Amino acid sequence: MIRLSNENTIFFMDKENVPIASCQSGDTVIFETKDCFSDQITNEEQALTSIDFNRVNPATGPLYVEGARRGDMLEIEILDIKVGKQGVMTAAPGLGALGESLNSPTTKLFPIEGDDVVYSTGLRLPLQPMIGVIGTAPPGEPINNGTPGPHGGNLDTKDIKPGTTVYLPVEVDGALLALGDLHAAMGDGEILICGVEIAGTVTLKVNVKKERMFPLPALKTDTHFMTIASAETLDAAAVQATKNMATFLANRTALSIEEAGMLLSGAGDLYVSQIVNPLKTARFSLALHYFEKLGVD
Amino acid sequence: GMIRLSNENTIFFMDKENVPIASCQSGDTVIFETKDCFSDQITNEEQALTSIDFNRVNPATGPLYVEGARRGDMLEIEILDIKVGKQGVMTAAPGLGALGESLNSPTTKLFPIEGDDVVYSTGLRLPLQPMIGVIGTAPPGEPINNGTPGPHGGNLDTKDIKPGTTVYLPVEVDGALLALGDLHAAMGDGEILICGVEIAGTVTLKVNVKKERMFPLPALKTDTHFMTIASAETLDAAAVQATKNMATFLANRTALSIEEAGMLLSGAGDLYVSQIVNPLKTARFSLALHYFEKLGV
Ligand SMILES: [Ca+2]
Ligand SMILES: [Ca+2]
Ligand SMILES: [Ca+2]
Ligand SMILES: [Ca+2]
Ligand SMILES: [Ca+2]
């Protein structure tokens with residue numbers, strides 16, 4: 001019902017951004033988004049370097065969630081993501097995990113045809129819509145949308161998709177939730193620099209939780225719970241994400257930290273979100289089955 | 001069953017100078033009996049990790065001389081079956097693994113194997129998921145301790161190295177000199193504590209000699225995916241190496257250019273973590289085999 005337009009967009013997660021809309025806890029809110037190029041790239045002979053880089057990574061927002069105060073967390077249920085008709089990718093030498101291996105700058109447009117993302121005649125990828133950039137305002141200095149952090153931001157986590165609940169911190173009153181950078185498809189790592197970048201519309205439900213039960217950001221799918229951390233190195237983000245899960249498990253259950261460690265090492269999985277942003281992002285994942293067996297919800 | 005190697009014949013280093021305990025021809029079935037990665041030294045939960053003989057950790061059964069295998073070939077190794085013992089073991093040690101600085105006290109725990117389950121406690125059970133942790137050929141240069149992965153394989157701790165998986169390793173010295181060990185009853189991506197559920201057992205495999213080295217090694221193919229494996233000092237670099245191995249393979253061997261290959265990977269492939277606890281860290285890039293079928297590979 002409450003609908004946030006793609007003209008109402010920000011480039012930094014900033015506590016001083018004026019809210020574009022407000023909602024109550026439990027309200028459903030629709031966010032319309034531009035692609036991460038602010039829809040500047042519309043043909044395949046248009047180079048990445050041709051656009052205004054001041055307008056990359058627009059996030060729709062911020063939303064003021066009434067009842068949210070410093071120390072709370074948002075529980076955000078992703079009910080649906082609808083994408084547009086065509087996505088974009090850019091390959092640029094010197095960018096991304098293959099930067100030194102790429103030879104020429106390439107722009108590719110991807111028709112969305114049903115639930116297929118058309119790479120070429122013979123290659124069609126599954127339509128797997130996700131949110132790349134989702135976040136609340138940090139309490140101190142503004143952080144550009146292109147950088148991830150404890151507040152969220154540029155997480156590029158493929159599990160931030162329909163049916164997932166995302167958990168973010170409330171560090172300023174009202175939270176100031178903003179999102180953008182939808183993808184039609186993207187693998188773990190986002191190794192080129194980008195997913196199939198695309199505009200769309202996200203429907204979410206936003207709940208205010210008055211107790212912050214675990215380290216943030218975090219998310220829950222139909223089957224698994226995941227702690228997320230970002231750092232300068234993948235080495236450091238992986239360790240932090242893992243420690244986030246173990247200390248949570250230890251704190252909230254009859255398990256000792258050593259027992260929690262054994263559980264994670266035997267039954268949990270460390271995953272890579274993206275290795276290409278100014279901070280790298282990893283998530284540690286444990287089946288909800290185990291949390292229920294340890295009496296945790 | 002074809003050729004059988006007992007666990008009495010173990011090596012601690014992947015070394016071109018280790019004398020073969022056995023020979024086979026290309027296509028033979030080979031059975032490897034293994035000791036656990038403590039050489040079966042921990043049998044009781046009051047034994048400290050620091051009470052065992054460390055010059056006997058990471059035993060590999062082998063080396064096997066594969067006749068017809070020559071420098072420049074690769075081995076194609078089909079894991080037909082892995083049988084484990086009736087009890088596994090884990091060790092939590094302050095100063096070791098991802099949780100090193102969070103752990104309070106050294107802890108050893110025994111896991112009965114019961115049916116298709118790893119018994120963690122009265123309330124918690126893990127699925128029995130047998131895998132091989134240490135599999136490798138002899139490096140051409142100086143010997144490499146079994147605990148360290150490299151281009152030759154070694155301590156890869158990759159959970160996809162499991163029954164029904166085909167593993168590909170380099171032949172860098174004539175005969176290859178294949179050795180394997182370090183079986184687990186369960187383990188998650190990252191092996192974050194330092195160990196999986198460590199257990200002895202028996203591996204049945206078929207070993208084929210391939211005369212053309214078609215992709216960067218090590219590598220593997222499951223029933224649904226193909227993956228490139230790389231190890232490095234940092235997980236950052238292992239990730240970037242695994243990814244570049246996939247991308248340069250696809251570019252070199254298919255009609256795709258390197259830009260196009262990078263887009264396919266970023267959009268459709270996933271970067272995964274094998275382990276973060278060994279002297280080198282290991283990562284893998286995985287892409288669905290139906291994309292290779294499409295590309296005529
Ligand atoms: Ca992004
Ligand atoms: Ca994006
Ligand atoms: Ca506890
Ligand atoms: Ca190992
Ligand atoms: Ca092991």
# chains A, B, ... in the order shown; residues from 1 in each chain; ligands from 1
>>> residues_around(residues="residue B:93", least_positions_apart="6", cutoff="12 Å", atoms="only C-alpha atoms", output="MDAnalysis selection string")
(chainID A and resid 257:259 261:262) or (chainID B and resid 48:50 99:109 192:195)
>>> closest_atom_pairs(of="chain B", to="ligand 5", cutoff="12 Å", atoms="only C-alpha atoms and all ligand atoms", output="Markdown table")
| residue | atom | partner | partner_atom_place_in_ligand_line | distance |
| --- | --- | --- | --- | --- |
| B:34 | CA | ligand 5 | 1 (Ca) | 11.7 |
| B:35 | CA | ligand 5 | 1 (Ca) | 10.5 |
| B:36 | CA | ligand 5 | 1 (Ca) | 7.2 |
| B:37 | CA | ligand 5 | 1 (Ca) | 5.4 |
| B:38 | CA | ligand 5 | 1 (Ca) | 8.4 |
| B:39 | CA | ligand 5 | 1 (Ca) | 10.7 |
| B:40 | CA | ligand 5 | 1 (Ca) | 11.6 |
| B:57 | CA | ligand 5 | 1 (Ca) | 9.6 |
| B:58 | CA | ligand 5 | 1 (Ca) | 7.8 |
| B:59 | CA | ligand 5 | 1 (Ca) | 10.2 |
| B:60 | CA | ligand 5 | 1 (Ca) | 11.3 |
| B:88 | CA | ligand 5 | 1 (Ca) | 10.3 |
| B:89 | CA | ligand 5 | 1 (Ca) | 9.4 |
| B:90 | CA | ligand 5 | 1 (Ca) | 8.8 |
| B:91 | CA | ligand 5 | 1 (Ca) | 10.3 |
| B:130 | CA | ligand 5 | 1 (Ca) | 11.3 |
| B:131 | CA | ligand 5 | 1 (Ca) | 9.7 |
| B:132 | CA | ligand 5 | 1 (Ca) | 8.4 |
| B:133 | CA | ligand 5 | 1 (Ca) | 5.9 |
| B:134 | CA | ligand 5 | 1 (Ca) | 7.9 |
| B:135 | CA | ligand 5 | 1 (Ca) | 11.5 |
| B:146 | CA | ligand 5 | 1 (Ca) | 11.1 |
| B:147 | CA | ligand 5 | 1 (Ca) | 9.3 |
| B:154 | CA | ligand 5 | 1 (Ca) | 11.6 |
| B:155 | CA | ligand 5 | 1 (Ca) | 8.5 |
| B:156 | CA | ligand 5 | 1 (Ca) | 9.8 |
| B:157 | CA | ligand 5 | 1 (Ca) | 7.2 |
| B:158 | CA | ligand 5 | 1 (Ca) | 10.5 |
| B:159 | CA | ligand 5 | 1 (Ca) | 11.0 |
| B:180 | CA | ligand 5 | 1 (Ca) | 11.5 |
| B:181 | CA | ligand 5 | 1 (Ca) | 8.4 |
| B:182 | CA | ligand 5 | 1 (Ca) | 4.8 |
| B:183 | CA | ligand 5 | 1 (Ca) | 6.2 |
| B:184 | CA | ligand 5 | 1 (Ca) | 6.1 |
| B:185 | CA | ligand 5 | 1 (Ca) | 9.5 |
| B:186 | CA | ligand 5 | 1 (Ca) | 9.8 |
| B:187 | CA | ligand 5 | 1 (Ca) | 8.8 |
| B:188 | CA | ligand 5 | 1 (Ca) | 11.7 |
| B:191 | CA | ligand 5 | 1 (Ca) | 8.8 |
| B:192 | CA | ligand 5 | 1 (Ca) | 11.6 |
| B:193 | CA | ligand 5 | 1 (Ca) | 10.9 |
| B:194 | CA | ligand 5 | 1 (Ca) | 8.0 |
| B:195 | CA | ligand 5 | 1 (Ca) | 5.1 |
| B:196 | CA | ligand 5 | 1 (Ca) | 5.4 |
| B:197 | CA | ligand 5 | 1 (Ca) | 7.1 |
| B:198 | CA | ligand 5 | 1 (Ca) | 5.1 |
| B:199 | CA | ligand 5 | 1 (Ca) | 7.8 |
| B:200 | CA | ligand 5 | 1 (Ca) | 9.9 |
| B:275 | CA | ligand 5 | 1 (Ca) | 10.7 |
| B:277 | CA | ligand 5 | 1 (Ca) | 10.8 |
| B:278 | CA | ligand 5 | 1 (Ca) | 10.3 |
>>> interface_residues(of="chain A", to="chain B", cutoff="7 Å", atoms="only C-alpha atoms", output="PDB file with C-alpha atoms, in the first residue's frame")
ATOM      1  CA  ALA A  91      33.177  -5.842 -17.970  1.00  0.00           C
ATOM      2  CA  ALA A  97      38.277 -10.216  -9.587  1.00  0.00           C
ATOM      3  CA  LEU A  98      39.376 -10.682 -13.261  1.00  0.00           C
ATOM      4  CA  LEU A 102      40.114  -8.748 -19.132  1.00  0.00           C
ATOM      5  CA  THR A 106      32.175  -4.819 -22.701  1.00  0.00           C
ATOM      6  CA  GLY A 122      22.034 -20.878 -26.505  1.00  0.00           C
ATOM      7  CA  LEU A 125      20.069 -18.289 -16.958  1.00  0.00           C
ATOM      8  CA  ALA A 185      20.955 -13.138 -11.557  1.00  0.00           C
ATOM      9  CA  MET A 186      24.253 -13.253  -9.676  1.00  0.00           C
ATOM     10  CA  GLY A 187      26.523 -15.922  -8.303  1.00  0.00           C
ATOM     11  CA  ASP A 188      28.384 -16.023  -4.975  1.00  0.00           C
ATOM     12  CA  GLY A 189      31.451 -13.767  -5.319  1.00  0.00           C
ATOM     13  CA  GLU A 190      29.990 -11.436  -8.048  1.00  0.00           C
ATOM     14  CA  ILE A 191      33.447 -11.926  -9.513  1.00  0.00           C
ATOM     15  CA  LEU A 192      33.219  -9.670 -12.590  1.00  0.00           C
ATOM     16  CA  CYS A 194      28.391  -6.945 -11.211  1.00  0.00           C
ATOM     17  CA  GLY A 195      25.341  -9.156 -11.413  1.00  0.00           C
ATOM     18  CA  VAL A 196      22.727  -8.773 -14.124  1.00  0.00           C
ATOM     19  CA  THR A 233      39.851  -8.788   3.228  1.00  0.00           C
ATOM     20  CA  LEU A 234      37.774 -11.890   2.545  1.00  0.00           C
ATOM     21  CA  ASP A 235      40.025 -13.535   5.135  1.00  0.00           C
ATOM     22  CA  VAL A 239      36.504 -14.999  10.323  1.00  0.00           C
ATOM     23  CA  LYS A 243      32.764 -15.707  15.100  1.00  0.00           C
ATOM     24  CA  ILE A 257      31.746 -21.950  22.681  1.00  0.00           C
ATOM     25  CA  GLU A 258      33.865 -25.071  21.999  1.00  0.00           C
ATOM     26  CA  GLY A 261      32.565 -24.396  17.213  1.00  0.00           C
ATOM     27  CA  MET A 262      32.359 -28.160  16.649  1.00  0.00           C
ATOM     28  CA  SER A 265      32.778 -26.985  11.705  1.00  0.00           C
ATOM     29  CA  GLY A 266      30.783 -30.203  11.196  1.00  0.00           C
ATOM     30  CA  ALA A 267      27.355 -28.976  10.065  1.00  0.00           C
ATOM     31  CA  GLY A 268      27.717 -25.253   9.126  1.00  0.00           C
ATOM     32  CA  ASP A 269      28.943 -23.562   5.939  1.00  0.00           C
ATOM     33  CA  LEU A 270      30.992 -20.463   5.311  1.00  0.00           C
ATOM     34  CA  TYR A 271      29.919 -18.728   2.064  1.00  0.00           C
ATOM     35  CA  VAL A 272      31.208 -15.771  -0.003  1.00  0.00           C
ATOM     36  CA  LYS A 293      16.830 -28.752  18.342  1.00  0.00           C
TER      37      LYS A 293
END
>>> residues_near_ligand(ligand="ligand 1", cutoff="12 Å", atoms="only C-alpha atoms and all ligand atoms", output="PyMOL selection string")
(chain A and resi 35-37+56-59+89+96+130-134+144-148+152-158+179-183+185-186+189-198+273-281) or (chain B and resi 266)
>>> residues_near_ligand(ligand="ligand 3", cutoff="10 Å", atoms="only C-alpha atoms and all ligand atoms", output="MDAnalysis selection string")
chainID A and resid 246:260
>>> write_last_selection(atoms="C-alpha atoms", output="PDB file, in the first residue's frame")
ATOM      1  CA  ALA A 246      29.630 -19.103  17.149  1.00  0.00           C
ATOM      2  CA  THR A 247      29.258 -16.486  19.886  1.00  0.00           C
ATOM      3  CA  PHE A 248      25.503 -16.237  19.132  1.00  0.00           C
ATOM      4  CA  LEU A 249      25.155 -20.026  19.286  1.00  0.00           C
ATOM      5  CA  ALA A 250      27.220 -20.119  22.465  1.00  0.00           C
ATOM      6  CA  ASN A 251      25.370 -17.155  24.163  1.00  0.00           C
ATOM      7  CA  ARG A 252      21.863 -18.261  23.364  1.00  0.00           C
ATOM      8  CA  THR A 253      22.240 -22.049  23.877  1.00  0.00           C
ATOM      9  CA  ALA A 254      23.358 -24.671  26.413  1.00  0.00           C
ATOM     10  CA  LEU A 255      26.370 -25.186  24.102  1.00  0.00           C
ATOM     11  CA  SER A 256      29.769 -23.993  25.215  1.00  0.00           C
ATOM     12  CA  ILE A 257      31.746 -21.950  22.681  1.00  0.00           C
ATOM     13  CA  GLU A 258      33.865 -25.071  21.999  1.00  0.00           C
ATOM     14  CA  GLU A 259      30.735 -27.163  21.386  1.00  0.00           C
ATOM     15  CA  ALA A 260      29.294 -24.364  19.193  1.00  0.00           C
TER      16      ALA A 260
END
>>> residues_around(residues="stretch 73-75 of chain A", least_positions_apart="5", cutoff="7 Å", atoms="only C-alpha atoms", output="list in words")
residues 165, 166, 167, 168, 169, 170, 206, 207, 208, 209, 210 and 212 of chain A
>>> write_last_selection(atoms="N, CA and C atoms", output="PDB file, in the first residue's frame")
ATOM      1  N   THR A 165      13.950 -13.266   5.328  1.00  0.00           N
ATOM      2  CA  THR A 165      13.900 -12.206   6.317  1.00  0.00           C
ATOM      3  C   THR A 165      15.302 -11.726   6.566  1.00  0.00           C
ATOM      4  N   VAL A 166      15.472 -10.420   6.488  1.00  0.00           N
ATOM      5  CA  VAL A 166      16.741  -9.778   6.726  1.00  0.00           C
ATOM      6  C   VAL A 166      16.668  -9.027   8.063  1.00  0.00           C
ATOM      7  N   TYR A 167      17.765  -9.058   8.819  1.00  0.00           N
ATOM      8  CA  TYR A 167      17.870  -8.386  10.111  1.00  0.00           C
ATOM      9  C   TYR A 167      18.963  -7.331  10.021  1.00  0.00           C
ATOM     10  N   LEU A 168      18.590  -6.069  10.261  1.00  0.00           N
ATOM     11  CA  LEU A 168      19.528  -4.924  10.246  1.00  0.00           C
ATOM     12  C   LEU A 168      19.404  -4.138  11.534  1.00  0.00           C
ATOM     13  N   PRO A 169      20.450  -3.396  11.913  1.00  0.00           N
ATOM     14  CA  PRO A 169      20.411  -2.649  13.167  1.00  0.00           C
ATOM     15  C   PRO A 169      19.661  -1.327  13.060  1.00  0.00           C
ATOM     16  N   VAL A 170      19.068  -0.895  14.164  1.00  0.00           N
ATOM     17  CA  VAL A 170      18.570   0.463  14.298  1.00  0.00           C
ATOM     18  C   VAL A 170      19.543   1.214  15.170  1.00  0.00           C
ATOM     19  N   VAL A 206       7.917  -4.836   7.265  1.00  0.00           N
ATOM     20  CA  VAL A 206       8.934  -4.385   8.184  1.00  0.00           C
ATOM     21  C   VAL A 206       8.405  -4.450   9.614  1.00  0.00           C
ATOM     22  N   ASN A 207       9.100  -5.235  10.441  1.00  0.00           N
ATOM     23  CA  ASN A 207       8.818  -5.333  11.878  1.00  0.00           C
ATOM     24  C   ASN A 207       9.959  -4.793  12.751  1.00  0.00           C
ATOM     25  N   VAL A 208       9.599  -4.091  13.827  1.00  0.00           N
ATOM     26  CA  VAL A 208      10.554  -3.574  14.799  1.00  0.00           C
ATOM     27  C   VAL A 208      10.701  -4.616  15.907  1.00  0.00           C
ATOM     28  N   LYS A 209      11.931  -5.104  16.111  1.00  0.00           N
ATOM     29  CA  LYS A 209      12.246  -5.942  17.250  1.00  0.00           C
ATOM     30  C   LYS A 209      13.009  -5.126  18.288  1.00  0.00           C
ATOM     31  N   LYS A 210      12.502  -5.179  19.516  1.00  0.00           N
ATOM     32  CA  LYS A 210      13.053  -4.405  20.614  1.00  0.00           C
ATOM     33  C   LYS A 210      14.260  -5.052  21.310  1.00  0.00           C
ATOM     34  N   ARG A 212      17.904  -7.028  20.255  1.00  0.00           N
ATOM     35  CA  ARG A 212      18.834  -7.431  19.228  1.00  0.00           C
ATOM     36  C   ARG A 212      19.480  -8.777  19.590  1.00  0.00           C
TER      37      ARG A 212
END
>>> select_by_dssp(residues="stretch 50-272 of chain B", states="helix (DSSP H, G or I)", output="ChimeraX atom specification")
/B:50-51,54-56,235-253,258-268
>>> atom_distance(atom1="atom CA of residue B:51", atom2="atom CA of residue B:86")
23.2 Å
>>> select_by_dssp(residues="stretch 16-106 of chain A", states="strand (DSSP E)", output="PyMOL selection string")
chain A and resi 21-24+27-33+59-66+73-83+86-91+106
>>> write_last_selection(atoms="N, CA and C atoms", output="mmCIF file, in the first residue's frame")
data_model
loop_
_atom_site.group_PDB
_atom_site.id
_atom_site.type_symbol
_atom_site.label_atom_id
_atom_site.label_comp_id
_atom_site.auth_asym_id
_atom_site.auth_seq_id
_atom_site.Cartn_x
_atom_site.Cartn_y
_atom_site.Cartn_z
ATOM 1 N N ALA A 21 9.202 8.665 3.402
ATOM 2 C CA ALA A 21 7.951 8.074 3.850
ATOM 3 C C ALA A 21 8.121 7.514 5.251
ATOM 4 N N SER A 22 7.004 7.292 5.943
ATOM 5 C CA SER A 22 7.006 6.576 7.209
ATOM 6 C C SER A 22 5.993 5.436 7.213
ATOM 7 N N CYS A 23 6.251 4.459 8.077
ATOM 8 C CA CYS A 23 5.373 3.330 8.271
ATOM 9 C C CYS A 23 5.380 2.960 9.749
ATOM 10 N N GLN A 24 4.448 2.089 10.123
ATOM 11 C CA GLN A 24 4.424 1.450 11.434
ATOM 12 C C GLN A 24 5.090 0.075 11.333
ATOM 13 N N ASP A 27 3.862 -3.016 8.868
ATOM 14 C CA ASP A 27 3.349 -2.477 7.600
ATOM 15 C C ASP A 27 4.098 -3.097 6.422
ATOM 16 N N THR A 28 3.386 -3.213 5.308
ATOM 17 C CA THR A 28 3.968 -3.622 4.043
ATOM 18 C C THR A 28 4.278 -2.365 3.247
ATOM 19 N N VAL A 29 5.460 -2.341 2.662
ATOM 20 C CA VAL A 29 5.952 -1.159 1.948
ATOM 21 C C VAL A 29 6.527 -1.617 0.601
ATOM 22 N N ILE A 30 6.223 -0.869 -0.460
ATOM 23 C CA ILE A 30 6.758 -1.138 -1.805
ATOM 24 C C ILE A 30 7.852 -0.126 -2.128
ATOM 25 N N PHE A 31 9.018 -0.623 -2.553
ATOM 26 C CA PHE A 31 10.146 0.212 -2.956
ATOM 27 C C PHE A 31 10.332 0.022 -4.472
ATOM 28 N N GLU A 32 10.152 1.078 -5.267
ATOM 29 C CA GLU A 32 10.570 1.059 -6.676
ATOM 30 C C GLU A 32 12.012 1.555 -6.830
ATOM 31 N N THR A 33 12.819 0.879 -7.647
ATOM 32 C CA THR A 33 14.259 1.159 -7.689
ATOM 33 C C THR A 33 14.756 1.479 -9.100
ATOM 34 N N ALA A 59 19.880 4.194 -3.814
ATOM 35 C CA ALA A 59 19.027 3.416 -2.960
ATOM 36 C C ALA A 59 17.702 4.198 -2.791
ATOM 37 N N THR A 60 16.568 3.504 -2.899
ATOM 38 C CA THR A 60 15.255 4.126 -2.740
ATOM 39 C C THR A 60 14.961 4.244 -1.236
ATOM 40 N N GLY A 61 14.528 5.440 -0.804
ATOM 41 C CA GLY A 61 14.494 5.792 0.621
ATOM 42 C C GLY A 61 15.001 7.175 1.031
ATOM 43 N N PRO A 62 15.174 7.395 2.348
ATOM 44 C CA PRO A 62 14.880 6.443 3.424
ATOM 45 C C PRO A 62 13.434 6.435 3.945
ATOM 46 N N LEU A 63 13.021 5.242 4.356
ATOM 47 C CA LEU A 63 11.815 4.996 5.133
ATOM 48 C C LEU A 63 12.025 5.193 6.641
ATOM 49 N N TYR A 64 11.156 5.993 7.254
ATOM 50 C CA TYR A 64 11.086 6.127 8.727
ATOM 51 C C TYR A 64 10.115 5.097 9.338
ATOM 52 N N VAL A 65 10.659 4.136 10.078
ATOM 53 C CA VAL A 65 9.860 3.107 10.750
ATOM 54 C C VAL A 65 9.573 3.557 12.186
ATOM 55 N N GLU A 66 8.342 3.988 12.404
ATOM 56 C CA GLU A 66 7.974 4.520 13.703
ATOM 57 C C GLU A 66 7.986 3.417 14.742
ATOM 58 N N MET A 73 16.293 -3.647 16.288
ATOM 59 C CA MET A 73 16.636 -4.115 14.968
ATOM 60 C C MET A 73 15.380 -4.272 14.131
ATOM 61 N N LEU A 74 15.553 -4.138 12.819
ATOM 62 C CA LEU A 74 14.466 -4.358 11.882
ATOM 63 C C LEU A 74 14.509 -5.806 11.429
ATOM 64 N N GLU A 75 13.317 -6.384 11.338
ATOM 65 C CA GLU A 75 13.098 -7.682 10.784
ATOM 66 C C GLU A 75 12.338 -7.413 9.507
ATOM 67 N N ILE A 76 12.980 -7.642 8.374
ATOM 68 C CA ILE A 76 12.439 -7.268 7.084
ATOM 69 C C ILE A 76 12.169 -8.514 6.254
ATOM 70 N N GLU A 77 10.896 -8.788 6.031
ATOM 71 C CA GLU A 77 10.485 -9.924 5.226
ATOM 72 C C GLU A 77 10.357 -9.502 3.771
ATOM 73 N N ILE A 78 11.129 -10.149 2.888
ATOM 74 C CA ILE A 78 11.056 -9.870 1.432
ATOM 75 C C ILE A 78 9.951 -10.736 0.875
ATOM 76 N N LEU A 79 8.796 -10.112 0.599
ATOM 77 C CA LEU A 79 7.613 -10.807 0.138
ATOM 78 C C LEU A 79 7.685 -11.069 -1.364
ATOM 79 N N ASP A 80 8.150 -10.093 -2.137
ATOM 80 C CA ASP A 80 8.252 -10.231 -3.595
ATOM 81 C C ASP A 80 9.271 -9.234 -4.174
ATOM 82 N N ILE A 81 9.915 -9.623 -5.274
ATOM 83 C CA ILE A 81 10.727 -8.726 -6.095
ATOM 84 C C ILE A 81 10.325 -8.916 -7.584
ATOM 85 N N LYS A 82 9.823 -7.848 -8.206
ATOM 86 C CA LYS A 82 9.532 -7.847 -9.645
ATOM 87 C C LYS A 82 10.565 -6.994 -10.363
ATOM 88 N N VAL A 83 11.198 -7.571 -11.378
ATOM 89 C CA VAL A 83 12.195 -6.894 -12.161
ATOM 90 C C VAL A 83 11.586 -6.396 -13.471
ATOM 91 N N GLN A 86 14.752 -5.972 -19.022
ATOM 92 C CA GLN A 86 16.100 -6.051 -19.543
ATOM 93 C C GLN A 86 17.147 -5.639 -18.496
ATOM 94 N N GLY A 87 18.129 -6.499 -18.260
ATOM 95 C CA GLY A 87 19.258 -6.149 -17.417
ATOM 96 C C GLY A 87 20.557 -5.877 -18.146
ATOM 97 N N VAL A 88 21.564 -5.445 -17.396
ATOM 98 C CA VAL A 88 22.854 -5.021 -17.965
ATOM 99 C C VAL A 88 24.043 -5.555 -17.177
ATOM 100 N N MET A 89 25.111 -5.920 -17.880
ATOM 101 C CA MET A 89 26.421 -6.177 -17.259
ATOM 102 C C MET A 89 27.518 -5.403 -17.973
ATOM 103 N N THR A 90 28.564 -5.087 -17.214
ATOM 104 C CA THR A 90 29.700 -4.356 -17.735
ATOM 105 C C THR A 90 30.955 -5.099 -17.305
ATOM 106 N N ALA A 91 31.840 -5.330 -18.256
ATOM 107 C CA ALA A 91 33.177 -5.842 -17.970
ATOM 108 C C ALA A 91 34.136 -4.678 -18.211
ATOM 109 N N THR A 106 33.330 -4.215 -22.035
ATOM 110 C CA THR A 106 32.175 -4.819 -22.701
ATOM 111 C C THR A 106 30.896 -4.496 -21.939
#
>>> atom_distance(atom1="atom CA of residue A:48", atom2="atom CA of residue A:110")
15.6 Å
>>> atom_distance(atom1="atom CA of residue A:129", atom2="atom CA of residue B:284")
24.0 Å
>>> residues_around(residues="residue B:177", least_positions_apart="3", cutoff="10 Å", atoms="only C-alpha atoms", output="list in words")
residues 14, 15, 16, 17, 18, 19, 20, 21, 22, 23, 62, 63, 64, 65, 66, 67, 69, 136, 137, 138, 139, 171, 172, 173 and 174 of chain B
>>> residues_around(residues="residue B:202", least_positions_apart="4", cutoff="6 Å", atoms="only C-alpha atoms", output="PDB file with N, CA and C atoms, in the first residue's frame")
ATOM      1  N   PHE B  32      41.941 -47.843  -0.863  1.00  0.00           N
ATOM      2  CA  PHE B  32      42.897 -47.235   0.061  1.00  0.00           C
ATOM      3  C   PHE B  32      42.291 -47.375   1.438  1.00  0.00           C
ATOM      4  N   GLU B  33      42.938 -48.110   2.335  1.00  0.00           N
ATOM      5  CA  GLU B  33      42.592 -48.086   3.768  1.00  0.00           C
ATOM      6  C   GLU B  33      43.361 -46.946   4.438  1.00  0.00           C
ATOM      7  N   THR B  34      42.674 -46.146   5.254  1.00  0.00           N
ATOM      8  CA  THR B  34      43.252 -44.927   5.831  1.00  0.00           C
ATOM      9  C   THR B  34      43.215 -44.899   7.369  1.00  0.00           C
ATOM     10  N   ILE B  82      33.092 -44.583  -0.069  1.00  0.00           N
ATOM     11  CA  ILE B  82      33.902 -44.296   1.125  1.00  0.00           C
ATOM     12  C   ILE B  82      33.192 -44.963   2.293  1.00  0.00           C
ATOM     13  N   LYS B  83      33.907 -45.837   2.995  1.00  0.00           N
ATOM     14  CA  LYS B  83      33.377 -46.525   4.181  1.00  0.00           C
ATOM     15  C   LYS B  83      34.121 -45.981   5.377  1.00  0.00           C
TER      16      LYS B  83
END
>>> residues_around(residues="residue B:1", least_positions_apart="2", cutoff="8 Å", atoms="only C-alpha atoms", output="MDAnalysis selection string")
chainID B and resid 3:4 29:31
>>> closest_residue(among="B:95, B:140, B:149, B:296", to="ligand 4", atoms="only C-alpha atoms and all ligand atoms")
B:149
